[PDB]
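Student: Encoded as structure tokens, here's the structure I'll be asking about.
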Amino acid sequence: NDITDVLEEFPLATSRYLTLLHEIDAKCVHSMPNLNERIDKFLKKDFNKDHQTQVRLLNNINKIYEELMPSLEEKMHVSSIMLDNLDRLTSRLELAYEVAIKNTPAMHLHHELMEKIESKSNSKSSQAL
Amino acid sequence: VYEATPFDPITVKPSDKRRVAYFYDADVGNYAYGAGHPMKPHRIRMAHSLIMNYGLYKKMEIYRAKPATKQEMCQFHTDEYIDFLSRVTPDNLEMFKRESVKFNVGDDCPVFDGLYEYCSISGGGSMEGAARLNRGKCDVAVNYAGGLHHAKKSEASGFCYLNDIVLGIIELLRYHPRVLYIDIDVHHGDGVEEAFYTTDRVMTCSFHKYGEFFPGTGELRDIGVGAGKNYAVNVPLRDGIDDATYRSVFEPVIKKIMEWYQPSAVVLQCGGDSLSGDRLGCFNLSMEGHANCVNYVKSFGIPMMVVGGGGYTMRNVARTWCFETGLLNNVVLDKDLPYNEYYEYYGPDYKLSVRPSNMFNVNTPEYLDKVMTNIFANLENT
Amino acid sequence: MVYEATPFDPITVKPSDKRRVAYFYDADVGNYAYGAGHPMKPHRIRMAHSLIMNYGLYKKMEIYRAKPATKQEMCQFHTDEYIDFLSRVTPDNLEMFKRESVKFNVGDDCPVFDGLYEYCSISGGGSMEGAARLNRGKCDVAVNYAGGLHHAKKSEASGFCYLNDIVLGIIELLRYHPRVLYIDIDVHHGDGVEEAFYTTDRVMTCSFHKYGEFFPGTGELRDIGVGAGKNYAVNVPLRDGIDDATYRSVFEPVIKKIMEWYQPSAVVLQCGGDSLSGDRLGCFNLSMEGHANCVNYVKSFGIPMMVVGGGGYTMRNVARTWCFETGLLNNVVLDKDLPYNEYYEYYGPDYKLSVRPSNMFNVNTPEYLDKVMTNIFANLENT
Amino acid sequence: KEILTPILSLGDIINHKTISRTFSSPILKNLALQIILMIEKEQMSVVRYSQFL
Ligand SMILES: [Zn+2]
Ligand SMILES: [Zn+2]
């Protein structure tokens, strides 16, 4: 039964973290095409004909990269949180699978009695009203 | 003159693709109004999450507006009221009960954590949107964190503490000759309308349910006063208006006034409580009908700012705000909800579209014809 | 009607486009013999490589050597017992391995020869290193002519193929790609890769084979997949003596539709040499230029592609088409002269870079082609 | 009362309209596709900086 619970839990945390990642992608998505264009223009064979042009293109690339590190480090942070939370969730999931498969115990039997009381209390909450 | 026009599916206008600056802050969604309160800033976070998970960030430049200061708020409000607002806390209200009864805070304007921070961030969002729209750096400012129009010069009512709309209007008026204001909220923009009665610079049009409703003001005879005569139009309606009826009662008025008034800048409130299944609303609009107004206003190629107010059922206001944000970029939406944090809150079908209710419409065509007759008659004077 | 015969246009390549290709060759690949009377002959890789050396193609292409695949890497597909027996078996001790050989379907039609593990590891390493270099983005094309043996099952070595390195290459491509399109040209149906990837969506195991009385006995129009892999098994069964023009008219629409709908990120293009005229068992009549037009069309898109070898029961024609395809991969057309090499005396009495079609009964009626194209389009629109 | 836990006789298929909703949910596949698309988008840039290094 815990397998069902962890299956419910997976998408919620995954989606929260993915929304965070989408926000980080959003705040820096307008510089990736500029960086790629600068790199491609730098790697052109007909570019080295003016030293000042090389200097200014290198300066532009350096400025873009200086602006781009913060997004990358925030991405590492959120991905690390992703990894640890998902590790915990998978741990719960595969303990649940191993327990459910090892025997095709009185403690988990008691939890049924504890929940049976709640089901009995909620069923009688409509009769008594 | 009112004529029946059946509603048609919305298609974007590829003539213009103006820049969109969607102002947003991540701390607005933390504030809460109470336990049983209907007004929730959490809907702004819902809409932002829907936008983020939908793939709309590649087109629009997302910002984070700096909170406004007290001196900026004093451009329209009184020093005493803003001082009380800053000083009041959810703990020392007993010592501030005199101002609370005097400034009408506590009944529909509950004091909560970071209330002054909420007002400051909304005012700053509107201020920065107006600043961007004034410097030519942008043409559309989606300040979804604002939309607070019920607040007055020295009073706070209708969950509305700081009137950011009039502050943004003043910023536009810094260098613009004439500005125009639109409303779509079911209630009436009492504060924004009142702020510019005697002057020609600002016009305040509101499509507000009239009669025994919350604002209780804004009849057809609210022509103006002094030199601001005929420069504040009102379109009172009744319960149960639909998409086609709203379009037919909305578009001709705007066309006529911008023919006559000739605005140099535009602001558009986008109240989300005028939809089907709303908690505090009495309309039957859908997301297509809601987005029709913003698409129509944008189609005229004028500098416009979209603010966000109202909305008391999460799914409806979130979907409507997402649709409006998408259509402001001249992009039709997928109309399928991607999985996110709040996927469980989006109905039992998990579809972006929300079906409008079947409830009986009340607006008779002849009443609407007479209403727009008076509107056009008073607008023809100038 | 979907099929439409068109005249065969001349070969044209974009001069503006630049493509990086990393040819893979292990000099020890062509030194294992299946037997005295066995159609399989690994010598073709060596002869083709000699041809590419002599034609001067080395000045415009990159070539390396792929490290042999480890046993654990090779076990990414096949069972542990299968690989264990394949390593432990020798042509001299099968008396104690008779039961294992009977179980594993080896010895009678696929016999045990010394160096079998070395050959299998060489092919697997070539495929895996090609896929790894494809993922790293350094080379757009990773040519591995040594492998391509797609008839190996998970626990059985049928059709003279003991190890299926195509599966491992697709796996190592899938480690960094969501969807990779696999194209088959071998006359026999690609039973191994098809069975491996029959219940998955992340691959597009497109095929162009022949249906009749054969050893595979698979590749029907009905088989489209199970589970999430439904309608993701494109098969185009054909018949005797399909010529160049109709083969091109069948290939180009289908591949265009796949690239327009499936939209893969990498292509694992099989280039089996047994789909040519004069083959030992292949019934087709495709010429070398027809065999290379498919590769040129696949290359014209501009996406990373992993070209592999495979079947081919003849040597001269297979080597000629392989070197022609390698040249075409560089946007360079190879002249018809076959410059002198150590194995020059092999190349027939014509001594020209060309394989010429024979006169065979073209059973491939246009009605069959129209029907199969309609079925393929119907099952492909669901993607 | 549909909250009642499944019994050990494998009533998984004939379940209370809720277990089937999760076991039939294809959301995991969509999550995998989104993750791998992000992986490709990042790997293109990774190759770019590898060349520039
Ligand atoms: Zn309202
Ligand atoms: Zn073959």
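Following the order of the structure tokens, chains are lettered A, B, ..., residues in each are numbered from 1, and ligands are numbered from 1.
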Please provide as a ChimeraX atom specification all residues within 12 Å of residue 58 of chain A, with the sequence filter that same-chain residues fewer than 5 positions apart are discarded (counting only C-alpha atoms).
Tutor: /A:35,38-39,41-43,51-53,63-65 /D:52
Student: Which residues sit within 9 Å of ligand 1, counting only C-alpha atoms and all ligand atoms, listed as a PDB file with C-alpha atoms, in the first residue's frame?
Tutor:
```pdb
ATOM      1  CA  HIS B 149      -8.771  49.744  -7.618  1.00  0.00           C
ATOM      2  CA  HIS B 150     -11.351  49.921  -4.806  1.00  0.00           C
ATOM      3  CA  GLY B 158     -12.965  45.828  -0.922  1.00  0.00           C
ATOM      4  CA  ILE B 184     -13.561  44.323 -16.671  1.00  0.00           C
ATOM      5  CA  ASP B 185     -14.071  43.569 -12.980  1.00  0.00           C
ATOM      6  CA  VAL B 186     -17.667  42.833 -11.996  1.00  0.00           C
ATOM      7  CA  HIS B 187     -17.451  45.493  -9.284  1.00  0.00           C
ATOM      8  CA  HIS B 188     -16.951  49.212  -9.919  1.00  0.00           C
ATOM      9  CA  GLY B 189     -13.684  51.129  -9.889  1.00  0.00           C
ATOM     10  CA  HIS B 208     -19.734  46.950 -13.473  1.00  0.00           C
ATOM     11  CA  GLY B 271     -10.662  41.309 -12.884  1.00  0.00           C
ATOM     12  CA  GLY B 272     -11.092  37.540 -12.853  1.00  0.00           C
ATOM     13  CA  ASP B 273     -14.271  37.396 -10.752  1.00  0.00           C
ATOM     14  CA  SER B 274     -16.500  37.970 -13.813  1.00  0.00           C
ATOM     15  CA  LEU B 280     -18.199  36.506  -5.530  1.00  0.00           C
ATOM     16  CA  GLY B 281     -19.246  37.064  -9.148  1.00  0.00           C
ATOM     17  CA  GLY B 309      -7.342  42.006  -9.763  1.00  0.00           C
ATOM     18  CA  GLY B 310     -10.239  39.962  -8.507  1.00  0.00           C
ATOM     19  CA  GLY B 311     -10.522  36.221  -8.832  1.00  0.00           C
ATOM     20  CA  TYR B 312     -11.874  34.160  -5.954  1.00  0.00           C
TER      21      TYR B 312
END
```
Student: So which residues touch segment 4-21 of chain D within 9 Å, counting only C-alpha atoms, skipping near sequence neighbours fewer than 3 positions away, as a PyMOL selection string?
Tutor: (chain A and resi 1+4+112+115-116+119) or (chain D and resi 1+24-25)
Student: For the residues in that selection, give me N, CA and C atoms as a PDB file, in the first residue's frame.
Tutor:
```
ATOM      1  N   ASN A   1       0.824  -1.203   0.000  1.00  0.00           N
ATOM      2  CA  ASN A   1       0.000   0.000   0.000  1.00  0.00           C
ATOM      3  C   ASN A   1       0.862   1.259   0.000  1.00  0.00           C
ATOM      4  N   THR A   4       1.591   2.702  -3.444  1.00  0.00           N
ATOM      5  CA  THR A   4       0.620   3.660  -3.955  1.00  0.00           C
ATOM      6  C   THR A   4       0.935   5.067  -3.459  1.00  0.00           C
ATOM      7  N   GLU A 112      -3.913  -1.397  10.458  1.00  0.00           N
ATOM      8  CA  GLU A 112      -5.216  -1.689   9.873  1.00  0.00           C
ATOM      9  C   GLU A 112      -6.328  -1.512  10.899  1.00  0.00           C
ATOM     10  N   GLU A 115      -6.788   2.198  11.421  1.00  0.00           N
ATOM     11  CA  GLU A 115      -7.537   2.792  10.320  1.00  0.00           C
ATOM     12  C   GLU A 115      -8.960   2.255  10.239  1.00  0.00           C
ATOM     13  N   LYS A 116      -9.179   1.003  10.652  1.00  0.00           N
ATOM     14  CA  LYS A 116     -10.537   0.471  10.693  1.00  0.00           C
ATOM     15  C   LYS A 116     -11.413   1.291  11.629  1.00  0.00           C
ATOM     16  N   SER A 119     -12.292   4.413   9.716  1.00  0.00           N
ATOM     17  CA  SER A 119     -13.326   4.088   8.738  1.00  0.00           C
ATOM     18  C   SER A 119     -14.663   3.838   9.422  1.00  0.00           C
TER      19      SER A 119
ATOM     20  N   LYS D   1     -16.440   5.524   2.171  1.00  0.00           N
ATOM     21  CA  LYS D   1     -15.803   4.318   2.688  1.00  0.00           C
ATOM     22  C   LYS D   1     -14.914   3.623   1.659  1.00  0.00           C
ATOM     23  N   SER D  24      -2.737   3.628 -13.736  1.00  0.00           N
ATOM     24  CA  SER D  24      -2.912   3.935 -15.145  1.00  0.00           C
ATOM     25  C   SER D  24      -2.434   5.334 -15.504  1.00  0.00           C
ATOM     26  N   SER D  25      -1.896   6.077 -14.549  1.00  0.00           N
ATOM     27  CA  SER D  25      -1.448   7.437 -14.820  1.00  0.00           C
ATOM     28  C   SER D  25      -0.189   7.411 -15.675  1.00  0.00           C
TER      29      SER D  25
END
```
Student: Would you list the contacts of residue 39 of chain D as JSON, numbers by chain, taking every protein, DNA or RNA residue within 12 Å and counting only C-alpha atoms, but skipping same-chain residues closer than 2 positions in sequence?
Tutor: {"A": [79], "C": [135, 174, 175, 176, 177, 178], "D": [32, 33, 34, 35, 36, 37, 41, 42, 43, 44, 45, 46]}
Student: I need the chosen residues saved as a JSON list (two decimals), in the first residue's frame, with N, CA, C and O atoms.
Tutor:
```json
[["chain", "number", "residue", "atom", "x", "y", "z"],
["A", 79, "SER", "N", 19.09, 21.22, -8.66],
["A", 79, "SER", "CA", 19.23, 19.83, -9.06],
["A", 79, "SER", "C", 19.72, 18.96, -7.92],
["A", 79, "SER", "O", 19.34, 17.79, -7.82],
["C", 135, "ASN", "N", 27.32, 10.83, -28.73],
["C", 135, "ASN", "CA", 26.75, 11.58, -27.61],
["C", 135, "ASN", "C", 27.57, 12.82, -27.30],
["C", 135, "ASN", "O", 27.02, 13.89, -27.02],
["C", 174, "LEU", "N", 20.63, 6.14, -26.48],
["C", 174, "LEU", "CA", 19.43, 6.45, -25.70],
["C", 174, "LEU", "C", 19.76, 6.98, -24.32],
["C", 174, "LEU", "O", 18.92, 7.64, -23.70],
["C", 175, "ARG", "N", 20.97, 6.72, -23.82],
["C", 175, "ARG", "CA", 21.37, 7.28, -22.54],
["C", 175, "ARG", "C", 21.39, 8.81, -22.57],
["C", 175, "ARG", "O", 21.37, 9.44, -21.50],
["C", 176, "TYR", "N", 21.43, 9.41, -23.76],
["C", 176, "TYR", "CA", 21.40, 10.87, -23.86],
["C", 176, "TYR", "C", 20.44, 11.37, -24.94],
["C", 176, "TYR", "O", 20.45, 12.57, -25.24],
["C", 177, "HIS", "N", 19.63, 10.49, -25.53],
["C", 177, "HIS", "CA", 18.67, 10.90, -26.55],
["C", 177, "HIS", "C", 17.31, 10.27, -26.27],
["C", 177, "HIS", "O", 17.24, 9.12, -25.82],
["C", 178, "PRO", "N", 16.22, 10.99, -26.52],
["C", 178, "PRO", "CA", 14.89, 10.45, -26.23],
["C", 178, "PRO", "C", 14.38, 9.50, -27.30],
["C", 178, "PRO", "O", 13.71, 8.52, -27.00],
["D", 32, "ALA", "N", 9.57, 11.71, -17.48],
["D", 32, "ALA", "CA", 10.81, 11.21, -18.06],
["D", 32, "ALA", "C", 11.16, 11.95, -19.35],
["D", 32, "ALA", "O", 12.31, 12.32, -19.57],
["D", 33, "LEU", "N", 10.16, 12.16, -20.21],
["D", 33, "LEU", "CA", 10.41, 12.88, -21.46],
["D", 33, "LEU", "C", 10.86, 14.31, -21.19],
["D", 33, "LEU", "O", 11.77, 14.82, -21.86],
["D", 34, "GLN", "N", 10.23, 14.99, -20.23],
["D", 34, "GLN", "CA", 10.63, 16.35, -19.91],
["D", 34, "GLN", "C", 12.06, 16.40, -19.37],
["D", 34, "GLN", "O", 12.85, 17.27, -19.76],
["D", 35, "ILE", "N", 12.40, 15.46, -18.49],
["D", 35, "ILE", "CA", 13.75, 15.42, -17.93],
["D", 35, "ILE", "C", 14.77, 15.19, -19.04],
["D", 35, "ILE", "O", 15.82, 15.85, -19.09],
["D", 36, "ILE", "N", 14.49, 14.25, -19.94],
["D", 36, "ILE", "CA", 15.46, 13.95, -20.99],
["D", 36, "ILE", "C", 15.55, 15.09, -22.01],
["D", 36, "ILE", "O", 16.62, 15.33, -22.58],
["D", 37, "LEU", "N", 14.45, 15.82, -22.24],
["D", 37, "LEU", "CA", 14.53, 16.99, -23.10],
["D", 37, "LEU", "C", 15.41, 18.07, -22.47],
["D", 37, "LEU", "O", 16.21, 18.71, -23.16],
["D", 41, "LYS", "N", 18.88, 19.64, -23.98],
["D", 41, "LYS", "CA", 19.07, 21.08, -24.07],
["D", 41, "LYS", "C", 20.34, 21.51, -23.35],
["D", 41, "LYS", "O", 21.06, 22.40, -23.81],
["D", 42, "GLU", "N", 20.64, 20.87, -22.21],
["D", 42, "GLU", "CA", 21.87, 21.19, -21.50],
["D", 42, "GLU", "C", 23.10, 20.58, -22.16],
["D", 42, "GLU", "O", 24.18, 21.18, -22.12],
["D", 43, "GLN", "N", 22.97, 19.40, -22.78],
["D", 43, "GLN", "CA", 24.12, 18.75, -23.38],
["D", 43, "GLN", "C", 24.60, 19.48, -24.62],
["D", 43, "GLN", "O", 25.81, 19.48, -24.91],
["D", 44, "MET", "N", 23.69, 20.10, -25.37],
["D", 44, "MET", "CA", 24.13, 20.94, -26.48],
["D", 44, "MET", "C", 25.06, 22.05, -25.99],
["D", 44, "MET", "O", 26.16, 22.24, -26.52],
["D", 45, "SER", "N", 24.65, 22.75, -24.93],
["D", 45, "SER", "CA", 25.50, 23.79, -24.36],
["D", 45, "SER", "C", 26.79, 23.20, -23.80],
["D", 45, "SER", "O", 27.85, 23.81, -23.91],
["D", 46, "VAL", "N", 26.70, 22.01, -23.19],
["D", 46, "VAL", "CA", 27.89, 21.37, -22.63],
["D", 46, "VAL", "C", 28.92, 21.13, -23.71],
["D", 46, "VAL", "O", 30.11, 21.40, -23.53]]
```
Student: Residues within 9 Å of ligand 2 should be enumerated using only C-alpha atoms and all ligand atoms and returned as a ChimeraX atom specification.
Tutor: /C:149-151,159,185-190,272-275,281-282,310-313
Student: Neighbours of residue 4 of chain B within 10 Å (only C-alpha atoms; same-chain residues fewer than 4 positions away dropped), as a ChimeraX atom specification?
Tutor: /B:244-245,247-249,365
Student: Those residues you just picked out, can you put them in a file as a short mmCIF file (atom, residue, chain, number, x, y, z; two decimals), in the first residue's frame with C-alpha atoms?
Tutor:
```
data_model
loop_
_atom_site.label_atom_id
_atom_site.label_comp_id
_atom_site.auth_asym_id
_atom_site.auth_seq_id
_atom_site.Cartn_x
_atom_site.Cartn_y
_atom_site.Cartn_z
CA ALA B 244 -21.37 37.51 -27.07
CA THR B 245 -23.36 40.04 -25.04
CA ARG B 247 -18.40 41.64 -26.68
CA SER B 248 -21.33 43.53 -28.22
CA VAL B 249 -21.56 45.87 -25.22
CA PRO B 365 -31.22 43.82 -25.81
#
```
Student: Quick check, in Å to one decimal: how far apart do atom CA of residue 123 of chain B and atom CA of residue 148 of chain B lie?
Tutor: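 So the answer is 9.2 Å.
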Student: Just give me the gap between atom CA of residue 13 of chain A and atom CA of residue 121 of chain B in Å, one decimal is fine.
Tutor: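 Separating atom CA of residue 13 of chain A from atom CA of residue 121 of chain B is a distance of 28.7 Å.
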Student: Could you list, with a cut-off of 6 Å and counting only C-alpha atoms, the residues of chain A near chain B, each shown with its nearest atom pair and the distance in Å rounded to one decimal, rows sorted by chain and ascending number, as a tab-separated table?
Tutor:
```
residue	atom	partner	partner_atom	distance
A:12	CA	B:341	CA	5.6
A:15	CA	B:340	CA	4.8
A:16	CA	B:341	CA	5.2
A:26	CA	B:57	CA	5.4
```
Student: Could you write those residues out with C-alpha atoms, as a PDB file, in the first residue's frame?
Tutor:
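That gives us out11.pdb:
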```pdb
ATOM      1  CA  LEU A  12       4.264  16.498  -6.788  1.00  0.00           C
ATOM      2  CA  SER A  15       6.856  19.068 -10.553  1.00  0.00           C
ATOM      3  CA  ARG A  16       7.670  21.595  -7.826  1.00  0.00           C
ATOM      4  CA  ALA A  26      13.392  31.780 -17.742  1.00  0.00           C
TER       5      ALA A  26
END
```
